[PDB]
Structure formats: structure tokens, C-alpha cells
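Printed here is model_38.cif (mmCIF, N, CA and C atoms):
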```cif
data_model
loop_
_atom_site.group_PDB
_atom_site.id
_atom_site.type_symbol
_atom_site.label_atom_id
_atom_site.label_comp_id
_atom_site.auth_asym_id
_atom_site.auth_seq_id
_atom_site.Cartn_x
_atom_site.Cartn_y
_atom_site.Cartn_z
ATOM 1 N N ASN K 2 -30.868 67.510 65.997
ATOM 2 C CA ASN K 2 -31.449 66.180 65.803
ATOM 3 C C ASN K 2 -31.856 65.509 67.120
ATOM 4 N N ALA K 3 -31.095 65.753 68.190
ATOM 5 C CA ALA K 3 -31.439 65.245 69.520
ATOM 6 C C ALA K 3 -32.736 65.865 70.044
ATOM 7 N N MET K 4 -33.025 67.100 69.620
ATOM 8 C CA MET K 4 -34.293 67.743 69.977
ATOM 9 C C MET K 4 -35.463 67.248 69.108
ATOM 10 N N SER K 5 -35.204 66.992 67.828
ATOM 11 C CA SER K 5 -36.198 66.356 66.973
ATOM 12 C C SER K 5 -36.579 64.971 67.524
ATOM 13 N N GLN K 6 -35.571 64.207 67.942
ATOM 14 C CA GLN K 6 -35.804 62.889 68.505
ATOM 15 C C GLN K 6 -36.621 63.011 69.779
ATOM 16 N N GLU K 7 -36.345 64.038 70.577
ATOM 17 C CA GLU K 7 -37.101 64.231 71.811
ATOM 18 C C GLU K 7 -38.565 64.501 71.504
ATOM 19 N N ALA K 8 -38.827 65.302 70.479
ATOM 20 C CA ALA K 8 -40.198 65.654 70.176
ATOM 21 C C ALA K 8 -40.942 64.413 69.656
ATOM 22 N N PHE K 9 -40.235 63.546 68.931
ATOM 23 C CA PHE K 9 -40.848 62.320 68.426
ATOM 24 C C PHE K 9 -41.161 61.387 69.594
ATOM 25 N N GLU K 10 -40.230 61.299 70.532
ATOM 26 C CA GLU K 10 -40.404 60.486 71.722
ATOM 27 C C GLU K 10 -41.605 60.946 72.508
ATOM 28 N N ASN K 11 -41.776 62.257 72.571
ATOM 29 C CA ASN K 11 -42.880 62.791 73.329
ATOM 30 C C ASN K 11 -44.195 62.415 72.619
ATOM 31 N N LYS K 12 -44.209 62.546 71.300
ATOM 32 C CA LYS K 12 -45.396 62.179 70.530
ATOM 33 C C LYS K 12 -45.722 60.693 70.705
ATOM 34 N N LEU K 13 -44.706 59.842 70.643
ATOM 35 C CA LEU K 13 -44.941 58.419 70.849
ATOM 36 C C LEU K 13 -45.522 58.164 72.228
ATOM 37 N N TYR K 14 -44.987 58.838 73.241
ATOM 38 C CA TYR K 14 -45.421 58.564 74.617
ATOM 39 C C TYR K 14 -46.887 58.962 74.811
ATOM 40 N N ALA K 15 -47.268 60.102 74.249
ATOM 41 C CA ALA K 15 -48.650 60.587 74.359
ATOM 42 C C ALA K 15 -49.612 59.599 73.703
ATOM 43 N N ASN K 16 -49.187 58.984 72.613
ATOM 44 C CA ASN K 16 -50.087 58.048 71.941
ATOM 45 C C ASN K 16 -50.288 56.740 72.720
ATOM 46 N N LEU K 17 -49.373 56.446 73.646
ATOM 47 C CA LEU K 17 -49.486 55.253 74.484
ATOM 48 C C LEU K 17 -50.648 55.382 75.485
ATOM 49 N N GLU K 18 -51.244 56.564 75.575
ATOM 50 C CA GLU K 18 -52.465 56.696 76.385
ATOM 51 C C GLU K 18 -53.634 55.935 75.807
ATOM 52 N N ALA K 19 -53.515 55.482 74.563
ATOM 53 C CA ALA K 19 -54.591 54.698 73.956
ATOM 54 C C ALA K 19 -54.422 53.219 74.222
ATOM 55 N N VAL K 20 -53.397 52.840 74.988
ATOM 56 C CA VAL K 20 -53.183 51.417 75.344
ATOM 57 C C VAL K 20 -53.651 51.200 76.785
ATOM 58 N N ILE K 21 -54.686 50.386 76.965
ATOM 59 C CA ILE K 21 -55.301 50.191 78.274
ATOM 60 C C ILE K 21 -54.824 48.906 78.954
ATOM 61 N N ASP K 22 -54.550 48.959 80.257
ATOM 62 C CA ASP K 22 -54.435 47.707 81.024
ATOM 63 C C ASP K 22 -55.840 47.177 81.324
ATOM 64 N N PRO K 23 -56.239 46.065 80.685
ATOM 65 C CA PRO K 23 -57.638 45.634 80.783
ATOM 66 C C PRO K 23 -58.104 45.362 82.220
ATOM 67 N N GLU K 24 -57.231 44.816 83.052
ATOM 68 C CA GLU K 24 -57.601 44.519 84.427
ATOM 69 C C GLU K 24 -57.889 45.775 85.260
ATOM 70 N N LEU K 25 -57.228 46.890 84.957
ATOM 71 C CA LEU K 25 -57.476 48.091 85.745
ATOM 72 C C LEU K 25 -58.322 49.139 85.059
ATOM 73 N N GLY K 26 -58.529 49.004 83.755
ATOM 74 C CA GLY K 26 -59.271 50.014 83.016
ATOM 75 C C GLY K 26 -58.569 51.365 82.970
ATOM 76 N N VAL K 27 -57.236 51.361 83.057
ATOM 77 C CA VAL K 27 -56.449 52.596 83.050
ATOM 78 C C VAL K 27 -55.325 52.427 82.041
ATOM 79 N N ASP K 28 -54.961 53.490 81.327
ATOM 80 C CA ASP K 28 -53.926 53.361 80.294
ATOM 81 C C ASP K 28 -52.547 53.211 80.906
ATOM 82 N N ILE K 29 -51.615 52.655 80.140
ATOM 83 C CA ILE K 29 -50.320 52.288 80.704
ATOM 84 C C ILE K 29 -49.473 53.499 81.099
ATOM 85 N N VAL K 30 -49.698 54.614 80.425
ATOM 86 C CA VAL K 30 -49.041 55.862 80.760
ATOM 87 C C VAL K 30 -49.489 56.333 82.156
ATOM 88 N N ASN K 31 -50.800 56.494 82.344
ATOM 89 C CA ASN K 31 -51.309 56.912 83.652
ATOM 90 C C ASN K 31 -51.025 55.898 84.765
ATOM 91 N N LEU K 32 -50.872 54.621 84.413
ATOM 92 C CA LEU K 32 -50.478 53.657 85.432
ATOM 93 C C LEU K 32 -49.027 53.797 85.894
ATOM 94 N N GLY K 33 -48.194 54.446 85.097
ATOM 95 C CA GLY K 33 -46.777 54.515 85.412
ATOM 96 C C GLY K 33 -46.003 53.303 84.921
ATOM 97 N N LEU K 34 -46.565 52.554 83.969
ATOM 98 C CA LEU K 34 -45.872 51.354 83.470
ATOM 99 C C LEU K 34 -44.783 51.633 82.457
ATOM 100 N N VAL K 35 -44.836 52.794 81.806
ATOM 101 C CA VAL K 35 -43.870 53.126 80.769
ATOM 102 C C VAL K 35 -42.662 53.866 81.359
ATOM 103 N N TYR K 36 -41.508 53.194 81.328
ATOM 104 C CA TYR K 36 -40.258 53.721 81.914
ATOM 105 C C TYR K 36 -39.419 54.559 80.955
ATOM 106 N N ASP K 37 -39.463 54.253 79.667
ATOM 107 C CA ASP K 37 -38.586 54.995 78.755
ATOM 108 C C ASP K 37 -39.096 54.862 77.347
ATOM 109 N N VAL K 38 -39.067 55.954 76.587
ATOM 110 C CA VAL K 38 -39.287 55.835 75.158
ATOM 111 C C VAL K 38 -38.100 56.501 74.492
ATOM 112 N N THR K 39 -37.399 55.794 73.612
ATOM 113 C CA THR K 39 -36.329 56.450 72.890
ATOM 114 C C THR K 39 -36.468 56.178 71.396
ATOM 115 N N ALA K 40 -36.074 57.148 70.577
ATOM 116 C CA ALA K 40 -36.211 57.006 69.132
ATOM 117 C C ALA K 40 -34.909 57.442 68.506
ATOM 118 N N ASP K 41 -34.460 56.733 67.482
ATOM 119 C CA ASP K 41 -33.217 57.118 66.826
ATOM 120 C C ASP K 41 -33.485 58.053 65.651
ATOM 121 N N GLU K 42 -32.435 58.353 64.892
ATOM 122 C CA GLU K 42 -32.514 59.331 63.814
ATOM 123 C C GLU K 42 -33.400 58.833 62.683
ATOM 124 N N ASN K 43 -33.643 57.524 62.657
ATOM 125 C CA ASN K 43 -34.512 56.925 61.638
ATOM 126 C C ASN K 43 -35.912 56.555 62.140
ATOM 127 N N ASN K 44 -36.304 57.108 63.286
ATOM 128 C CA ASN K 44 -37.652 56.887 63.832
ATOM 129 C C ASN K 44 -37.920 55.450 64.273
ATOM 130 N N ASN K 45 -36.849 54.706 64.489
ATOM 131 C CA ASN K 45 -36.922 53.417 65.150
ATOM 132 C C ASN K 45 -37.053 53.651 66.641
ATOM 133 N N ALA K 46 -38.061 53.033 67.241
ATOM 134 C CA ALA K 46 -38.436 53.322 68.614
ATOM 135 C C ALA K 46 -38.257 52.108 69.531
ATOM 136 N N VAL K 47 -37.778 52.376 70.744
ATOM 137 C CA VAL K 47 -37.652 51.381 71.804
ATOM 138 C C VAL K 47 -38.489 51.850 73.013
ATOM 139 N N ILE K 48 -39.540 51.103 73.320
ATOM 140 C CA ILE K 48 -40.379 51.381 74.483
ATOM 141 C C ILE K 48 -39.996 50.399 75.592
ATOM 142 N N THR K 49 -39.569 50.911 76.733
ATOM 143 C CA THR K 49 -39.213 50.074 77.887
ATOM 144 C C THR K 49 -40.317 50.220 78.928
ATOM 145 N N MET K 50 -40.912 49.106 79.309
ATOM 146 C CA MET K 50 -42.018 49.168 80.237
ATOM 147 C C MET K 50 -42.008 47.962 81.157
ATOM 148 N N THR K 51 -42.845 48.019 82.183
ATOM 149 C CA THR K 51 -43.030 46.868 83.061
ATOM 150 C C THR K 51 -44.518 46.516 83.131
ATOM 151 N N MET K 52 -44.895 45.545 83.958
ATOM 152 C CA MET K 52 -46.309 45.214 84.163
ATOM 153 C C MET K 52 -46.633 45.430 85.629
ATOM 154 N N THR K 53 -47.903 45.343 85.998
ATOM 155 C CA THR K 53 -48.246 45.536 87.406
ATOM 156 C C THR K 53 -47.693 44.446 88.337
ATOM 157 N N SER K 54 -47.414 43.268 87.781
ATOM 158 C CA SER K 54 -46.925 42.107 88.538
ATOM 159 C C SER K 54 -46.279 41.135 87.564
ATOM 160 N N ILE K 55 -45.240 40.434 88.009
ATOM 161 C CA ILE K 55 -44.613 39.412 87.180
ATOM 162 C C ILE K 55 -45.663 38.429 86.664
ATOM 163 N N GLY K 56 -46.658 38.146 87.501
ATOM 164 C CA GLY K 56 -47.710 37.211 87.138
ATOM 165 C C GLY K 56 -48.563 37.681 85.973
ATOM 166 N N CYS K 57 -48.751 38.999 85.884
ATOM 167 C CA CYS K 57 -49.704 39.642 84.967
ATOM 168 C C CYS K 57 -49.951 38.922 83.650
ATOM 169 N N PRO K 58 -51.186 38.449 83.460
ATOM 170 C CA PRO K 58 -51.576 37.596 82.334
ATOM 171 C C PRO K 58 -51.787 38.381 81.043
ATOM 172 N N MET K 59 -52.055 39.681 81.157
ATOM 173 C CA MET K 59 -52.332 40.514 79.985
ATOM 174 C C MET K 59 -51.061 41.016 79.286
ATOM 175 N N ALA K 60 -49.903 40.554 79.737
ATOM 176 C CA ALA K 60 -48.650 41.100 79.225
ATOM 177 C C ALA K 60 -48.535 40.960 77.711
ATOM 178 N N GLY K 61 -48.932 39.807 77.187
ATOM 179 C CA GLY K 61 -48.839 39.573 75.755
ATOM 180 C C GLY K 61 -49.745 40.509 74.987
ATOM 181 N N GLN K 62 -50.968 40.679 75.471
ATOM 182 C CA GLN K 62 -51.920 41.576 74.825
ATOM 183 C C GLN K 62 -51.497 43.050 74.906
ATOM 184 N N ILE K 63 -50.874 43.445 76.011
ATOM 185 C CA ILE K 63 -50.453 44.834 76.163
ATOM 186 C C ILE K 63 -49.367 45.184 75.143
ATOM 187 N N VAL K 64 -48.363 44.322 75.028
ATOM 188 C CA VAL K 64 -47.308 44.526 74.062
ATOM 189 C C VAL K 64 -47.770 44.602 72.601
ATOM 190 N N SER K 65 -48.603 43.659 72.156
ATOM 191 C CA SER K 65 -49.119 43.769 70.786
ATOM 192 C C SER K 65 -49.989 45.032 70.615
ATOM 193 N N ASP K 66 -50.701 45.419 71.670
ATOM 194 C CA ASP K 66 -51.474 46.659 71.632
ATOM 195 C C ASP K 66 -50.569 47.898 71.464
ATOM 196 N N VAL K 67 -49.420 47.896 72.132
ATOM 197 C CA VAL K 67 -48.431 48.945 71.922
ATOM 198 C C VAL K 67 -48.027 49.027 70.444
ATOM 199 N N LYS K 68 -47.696 47.889 69.833
ATOM 200 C CA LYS K 68 -47.284 47.918 68.426
ATOM 201 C C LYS K 68 -48.400 48.363 67.495
ATOM 202 N N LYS K 69 -49.592 47.846 67.700
ATOM 203 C CA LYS K 69 -50.715 48.274 66.882
ATOM 204 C C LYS K 69 -50.989 49.764 67.055
ATOM 205 N N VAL K 70 -51.007 50.232 68.299
ATOM 206 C CA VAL K 70 -51.412 51.620 68.514
ATOM 207 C C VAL K 70 -50.383 52.549 67.873
ATOM 208 N N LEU K 71 -49.107 52.289 68.121
ATOM 209 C CA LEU K 71 -48.097 53.206 67.605
ATOM 210 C C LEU K 71 -48.012 53.130 66.078
ATOM 211 N N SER K 72 -48.060 51.921 65.505
ATOM 212 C CA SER K 72 -47.921 51.812 64.058
ATOM 213 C C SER K 72 -49.125 52.443 63.371
ATOM 214 N N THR K 73 -50.286 52.302 63.988
ATOM 215 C CA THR K 73 -51.493 52.875 63.415
ATOM 216 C C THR K 73 -51.580 54.387 63.633
ATOM 217 N N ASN K 74 -51.317 54.838 64.853
ATOM 218 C CA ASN K 74 -51.555 56.240 65.194
ATOM 219 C C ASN K 74 -50.382 57.153 64.897
ATOM 220 N N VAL K 75 -49.187 56.583 64.818
ATOM 221 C CA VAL K 75 -47.993 57.368 64.501
ATOM 222 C C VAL K 75 -47.255 56.684 63.351
ATOM 223 N N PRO K 76 -47.858 56.727 62.148
ATOM 224 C CA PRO K 76 -47.406 55.964 60.969
ATOM 225 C C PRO K 76 -45.965 56.247 60.576
ATOM 226 N N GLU K 77 -45.423 57.396 60.966
ATOM 227 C CA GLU K 77 -44.038 57.690 60.631
ATOM 228 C C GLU K 77 -43.028 56.953 61.528
ATOM 229 N N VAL K 78 -43.510 56.214 62.530
ATOM 230 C CA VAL K 78 -42.584 55.393 63.308
ATOM 231 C C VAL K 78 -42.090 54.228 62.425
ATOM 232 N N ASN K 79 -40.833 53.821 62.589
ATOM 233 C CA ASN K 79 -40.346 52.640 61.876
ATOM 234 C C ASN K 79 -40.297 51.425 62.762
ATOM 235 N N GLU K 80 -39.131 51.046 63.254
ATOM 236 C CA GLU K 80 -39.127 49.906 64.150
ATOM 237 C C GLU K 80 -39.825 50.204 65.461
ATOM 238 N N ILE K 81 -40.576 49.231 65.943
ATOM 239 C CA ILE K 81 -41.085 49.324 67.297
ATOM 240 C C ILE K 81 -40.645 48.138 68.128
ATOM 241 N N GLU K 82 -39.774 48.393 69.094
ATOM 242 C CA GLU K 82 -39.364 47.361 70.022
ATOM 243 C C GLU K 82 -39.982 47.629 71.394
ATOM 244 N N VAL K 83 -40.530 46.599 72.026
ATOM 245 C CA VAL K 83 -41.052 46.758 73.381
ATOM 246 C C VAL K 83 -40.239 45.882 74.292
ATOM 247 N N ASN K 84 -39.487 46.496 75.204
ATOM 248 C CA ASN K 84 -38.725 45.676 76.150
ATOM 249 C C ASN K 84 -39.413 45.720 77.487
ATOM 250 N N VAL K 85 -39.853 44.560 77.942
ATOM 251 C CA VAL K 85 -40.539 44.465 79.223
ATOM 252 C C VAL K 85 -39.510 44.154 80.333
ATOM 253 N N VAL K 86 -39.382 45.042 81.316
ATOM 254 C CA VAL K 86 -38.379 44.838 82.357
ATOM 255 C C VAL K 86 -39.067 44.717 83.704
ATOM 256 N N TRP K 87 -38.314 44.305 84.716
ATOM 257 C CA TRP K 87 -38.867 44.052 86.034
ATOM 258 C C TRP K 87 -38.109 44.860 87.086
ATOM 259 N N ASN K 88 -37.186 45.696 86.618
ATOM 260 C CA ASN K 88 -36.367 46.493 87.516
ATOM 261 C C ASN K 88 -36.218 47.908 87.015
ATOM 262 N N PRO K 89 -36.541 48.899 87.864
ATOM 263 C CA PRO K 89 -37.120 48.774 89.201
ATOM 264 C C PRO K 89 -38.574 48.264 89.141
ATOM 265 N N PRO K 90 -39.059 47.727 90.251
ATOM 266 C CA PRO K 90 -40.361 47.066 90.201
ATOM 267 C C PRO K 90 -41.466 48.107 90.213
ATOM 268 N N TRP K 91 -42.546 47.870 89.493
ATOM 269 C CA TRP K 91 -43.680 48.775 89.579
ATOM 270 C C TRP K 91 -44.299 48.843 90.979
ATOM 271 N N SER K 92 -44.949 49.952 91.272
ATOM 272 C CA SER K 92 -45.824 50.031 92.420
ATOM 273 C C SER K 92 -46.830 51.132 92.135
ATOM 274 N N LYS K 93 -47.908 51.130 92.893
ATOM 275 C CA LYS K 93 -48.973 52.085 92.769
ATOM 276 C C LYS K 93 -48.534 53.543 93.008
ATOM 277 N N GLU K 94 -47.419 53.754 93.710
ATOM 278 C CA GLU K 94 -46.863 55.100 93.894
ATOM 279 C C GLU K 94 -46.505 55.746 92.576
ATOM 280 N N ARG K 95 -46.284 54.925 91.547
ATOM 281 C CA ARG K 95 -45.946 55.396 90.195
ATOM 282 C C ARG K 95 -47.159 55.892 89.376
ATOM 283 N N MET K 96 -48.347 55.687 89.895
ATOM 284 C CA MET K 96 -49.528 56.156 89.162
ATOM 285 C C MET K 96 -49.630 57.688 89.089
ATOM 286 N N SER K 97 -50.192 58.216 88.003
ATOM 287 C CA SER K 97 -50.442 59.666 87.913
ATOM 288 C C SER K 97 -51.497 60.164 88.914
ATOM 289 N N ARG K 98 -51.610 61.492 89.055
ATOM 290 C CA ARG K 98 -52.640 62.105 89.902
ATOM 291 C C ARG K 98 -54.026 61.601 89.491
ATOM 292 N N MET K 99 -54.326 61.578 88.193
ATOM 293 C CA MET K 99 -55.670 61.133 87.759
ATOM 294 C C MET K 99 -55.926 59.646 88.020
ATOM 295 N N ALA K 100 -54.893 58.820 87.858
ATOM 296 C CA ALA K 100 -55.031 57.405 88.153
ATOM 297 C C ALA K 100 -55.335 57.212 89.632
ATOM 298 N N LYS K 101 -54.605 57.917 90.501
ATOM 299 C CA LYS K 101 -54.821 57.768 91.937
ATOM 300 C C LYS K 101 -56.204 58.244 92.298
ATOM 301 N N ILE K 102 -56.662 59.300 91.653
ATOM 302 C CA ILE K 102 -57.996 59.778 92.012
ATOM 303 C C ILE K 102 -59.014 58.760 91.520
ATOM 304 N N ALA K 103 -58.865 58.322 90.267
ATOM 305 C CA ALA K 103 -59.880 57.421 89.683
ATOM 306 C C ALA K 103 -59.958 56.105 90.464
ATOM 307 N N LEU K 104 -58.804 55.567 90.830
ATOM 308 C CA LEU K 104 -58.754 54.278 91.504
ATOM 309 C C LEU K 104 -59.146 54.355 92.959
ATOM 310 N N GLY K 105 -59.151 55.555 93.527
ATOM 311 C CA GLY K 105 -59.717 55.747 94.858
ATOM 312 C C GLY K 105 -61.234 55.666 94.847
ATOM 313 N N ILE K 106 -61.828 55.884 93.682
ATOM 314 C CA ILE K 106 -63.284 55.895 93.559
ATOM 315 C C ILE K 106 -63.805 54.668 92.795
ATOM 316 N N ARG K 107 -63.071 54.227 91.780
ATOM 317 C CA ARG K 107 -63.469 53.062 90.987
ATOM 318 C C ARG K 107 -62.855 51.797 91.575
#
```
Now that the file is in, can you turn its structure into C-alpha cells?
Amino acid sequence: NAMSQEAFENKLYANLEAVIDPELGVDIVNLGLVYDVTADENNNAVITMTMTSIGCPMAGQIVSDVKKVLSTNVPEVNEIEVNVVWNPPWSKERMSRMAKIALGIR
């Protein structure tokens, strides 16, 4: 069951690539904003993430986008909780290889 939960977590995380940070035009996964996805035996999911800055104005829109994307794209998910944390703090070092390449040019 711990391996089934892992596979569900992985599926949830991959679907978070459809959630974009509007200010950067890059998805939250490639930005490195998603710190943890965990799912219980009943497919209740907890997504722990941060924003690019405490100030970040799109925070409300990003969170509702997470719920819409997961509930729509992964219909077998049950609860969706998004916990926004500030520790450890985000930085650009957390971006993926593709994000770093894209943002060096865009």
C-alpha cells in the first residue's frame, strides 16, 4: 500500500505541471515550488508548496489552480489540501534544468 501511495503521489506531482506561475510563465513543478506531495490510503492528498516571494500576489490563484487541475485531471483524488509554507525559502537554485535554460533566454 505504501508503494501504491507512492505511485499515486507521483501521478499527482506530474499533473501539477499544468499549473503555471503567471508572472514567470513556468509551471510550479519546474520552478521548484512544490516541496512535498503525500497521499493516504483513501487518496486524500496534501500538497506542500511555497511561492517565489512572501509578497507574491498570485498565491491565491495558484492554490485554486492546484485544486482545479488535480480534481479535474486526476478524478480519483479525494481530499486536496494545499499547505503553503515559507521554510525553507524558495530560490532560483531550485529550478529544473529546463527552467534554468528557458529563463536564461526568456
Item to complete: Have a look at K:76, K:89, K:33, K:23 and name the one nearest to residue 61 of chain K; count only C-alpha atoms.
Response: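 Of the candidates, the smallest distance to residue 61 of chain K is held by K:23.
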query: Using the chain letters and numbers from the file, which residues does the PyMOL selection byres (((chain K and resi 97-104 and name CA) around 9) and name CA) grab, as an MDAnalysis selection string?
result: chainID K and resid 25 27:28 30:33 93:96 105:107
Apply the PyMOL selection byres ((chain K and resi 47-51) around 8) to the file shown and report the selected residues as a ChimeraX atom specification.
/K:33-41,44-46,52-55,60,80-91
inquiry  = Please determine, counting only C-alpha atoms, which residue among K:74, K:11, K:79, K:66 has the shortest atom-to-atom distance to residue 29 of chain K.
reply    =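 Counting only C-alpha atoms, the residue closest to residue 29 of chain K is K:66.
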Among chain K, which residues carry a DSSP assignment of strand (DSSP E), reported as a ChimeraX atom specification? /K:21-22,27-28,35-40,46-50,81-85
Export, as a PDB file, in the frame of the given file, the selected residues with N, CA and C atoms.
```pdb
ATOM      1  N   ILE K  21     -54.686  50.386  76.965  1.00  0.00           N
ATOM      2  CA  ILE K  21     -55.301  50.191  78.274  1.00  0.00           C
ATOM      3  C   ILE K  21     -54.824  48.906  78.954  1.00  0.00           C
ATOM      4  N   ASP K  22     -54.550  48.959  80.257  1.00  0.00           N
ATOM      5  CA  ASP K  22     -54.435  47.707  81.024  1.00  0.00           C
ATOM      6  C   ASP K  22     -55.840  47.177  81.324  1.00  0.00           C
ATOM      7  N   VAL K  27     -57.236  51.361  83.057  1.00  0.00           N
ATOM      8  CA  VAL K  27     -56.449  52.596  83.050  1.00  0.00           C
ATOM      9  C   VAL K  27     -55.325  52.427  82.041  1.00  0.00           C
ATOM     10  N   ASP K  28     -54.961  53.490  81.327  1.00  0.00           N
ATOM     11  CA  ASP K  28     -53.926  53.361  80.294  1.00  0.00           C
ATOM     12  C   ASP K  28     -52.547  53.211  80.906  1.00  0.00           C
ATOM     13  N   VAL K  35     -44.836  52.794  81.806  1.00  0.00           N
ATOM     14  CA  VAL K  35     -43.870  53.126  80.769  1.00  0.00           C
ATOM     15  C   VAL K  35     -42.662  53.866  81.359  1.00  0.00           C
ATOM     16  N   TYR K  36     -41.508  53.194  81.328  1.00  0.00           N
ATOM     17  CA  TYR K  36     -40.258  53.721  81.914  1.00  0.00           C
ATOM     18  C   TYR K  36     -39.419  54.559  80.955  1.00  0.00           C
ATOM     19  N   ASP K  37     -39.463  54.253  79.667  1.00  0.00           N
ATOM     20  CA  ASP K  37     -38.586  54.995  78.755  1.00  0.00           C
ATOM     21  C   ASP K  37     -39.096  54.862  77.347  1.00  0.00           C
ATOM     22  N   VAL K  38     -39.067  55.954  76.587  1.00  0.00           N
ATOM     23  CA  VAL K  38     -39.287  55.835  75.158  1.00  0.00           C
ATOM     24  C   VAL K  38     -38.100  56.501  74.492  1.00  0.00           C
ATOM     25  N   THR K  39     -37.399  55.794  73.612  1.00  0.00           N
ATOM     26  CA  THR K  39     -36.329  56.450  72.890  1.00  0.00           C
ATOM     27  C   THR K  39     -36.468  56.178  71.396  1.00  0.00           C
ATOM     28  N   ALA K  40     -36.074  57.148  70.577  1.00  0.00           N
ATOM     29  CA  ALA K  40     -36.211  57.006  69.132  1.00  0.00           C
ATOM     30  C   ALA K  40     -34.909  57.442  68.506  1.00  0.00           C
ATOM     31  N   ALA K  46     -38.061  53.033  67.241  1.00  0.00           N
ATOM     32  CA  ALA K  46     -38.436  53.322  68.614  1.00  0.00           C
ATOM     33  C   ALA K  46     -38.257  52.108  69.531  1.00  0.00           C
ATOM     34  N   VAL K  47     -37.778  52.376  70.744  1.00  0.00           N
ATOM     35  CA  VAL K  47     -37.652  51.381  71.804  1.00  0.00           C
ATOM     36  C   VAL K  47     -38.489  51.850  73.013  1.00  0.00           C
ATOM     37  N   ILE K  48     -39.540  51.103  73.320  1.00  0.00           N
ATOM     38  CA  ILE K  48     -40.379  51.381  74.483  1.00  0.00           C
ATOM     39  C   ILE K  48     -39.996  50.399  75.592  1.00  0.00           C
ATOM     40  N   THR K  49     -39.569  50.911  76.733  1.00  0.00           N
ATOM     41  CA  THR K  49     -39.213  50.074  77.887  1.00  0.00           C
ATOM     42  C   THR K  49     -40.317  50.220  78.928  1.00  0.00           C
ATOM     43  N   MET K  50     -40.912  49.106  79.309  1.00  0.00           N
ATOM     44  CA  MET K  50     -42.018  49.168  80.237  1.00  0.00           C
ATOM     45  C   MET K  50     -42.008  47.962  81.157  1.00  0.00           C
ATOM     46  N   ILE K  81     -40.576  49.231  65.943  1.00  0.00           N
ATOM     47  CA  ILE K  81     -41.085  49.324  67.297  1.00  0.00           C
ATOM     48  C   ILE K  81     -40.645  48.138  68.128  1.00  0.00           C
ATOM     49  N   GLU K  82     -39.774  48.393  69.094  1.00  0.00           N
ATOM     50  CA  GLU K  82     -39.364  47.361  70.022  1.00  0.00           C
ATOM     51  C   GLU K  82     -39.982  47.629  71.394  1.00  0.00           C
ATOM     52  N   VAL K  83     -40.530  46.599  72.026  1.00  0.00           N
ATOM     53  CA  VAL K  83     -41.052  46.758  73.381  1.00  0.00           C
ATOM     54  C   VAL K  83     -40.239  45.882  74.292  1.00  0.00           C
ATOM     55  N   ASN K  84     -39.487  46.496  75.204  1.00  0.00           N
ATOM     56  CA  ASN K  84     -38.725  45.676  76.150  1.00  0.00           C
ATOM     57  C   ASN K  84     -39.413  45.720  77.487  1.00  0.00           C
ATOM     58  N   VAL K  85     -39.853  44.560  77.942  1.00  0.00           N
ATOM     59  CA  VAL K  85     -40.539  44.465  79.223  1.00  0.00           C
ATOM     60  C   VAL K  85     -39.510  44.154  80.333  1.00  0.00           C
TER      61      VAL K  85
END
```
- Would you give me, as JSON, numbers by chain, the residues in segment 19-98 of chain K that DSSP reads as alpha helix (DSSP H)? {"K": [29, 30, 31, 32, 60, 61, 62, 63, 64, 65, 66, 67, 68, 69, 70, 71, 72, 73, 74, 98]}
| request: One decimal, Å: what's the distance from atom N of residue 58 of chain K over to atom C of residue 20 of chain K, could you say? | output: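 Atom N of residue 58 of chain K sits 14.6 Å away from atom C of residue 20 of chain K.
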Taken to one decimal, the atom C of residue 43 of chain K-atom C of residue 78 of chain K distance is 6.6 Å
Restricting to only C-alpha atoms, whichever of K:2, K:92, K:67, K:56 is closest to residue 17 of chain K is K:67
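Between atom CA of residue 68 of chain K and atom CA of residue 5 of chain K the interatomic distance comes to 21.6 Å.
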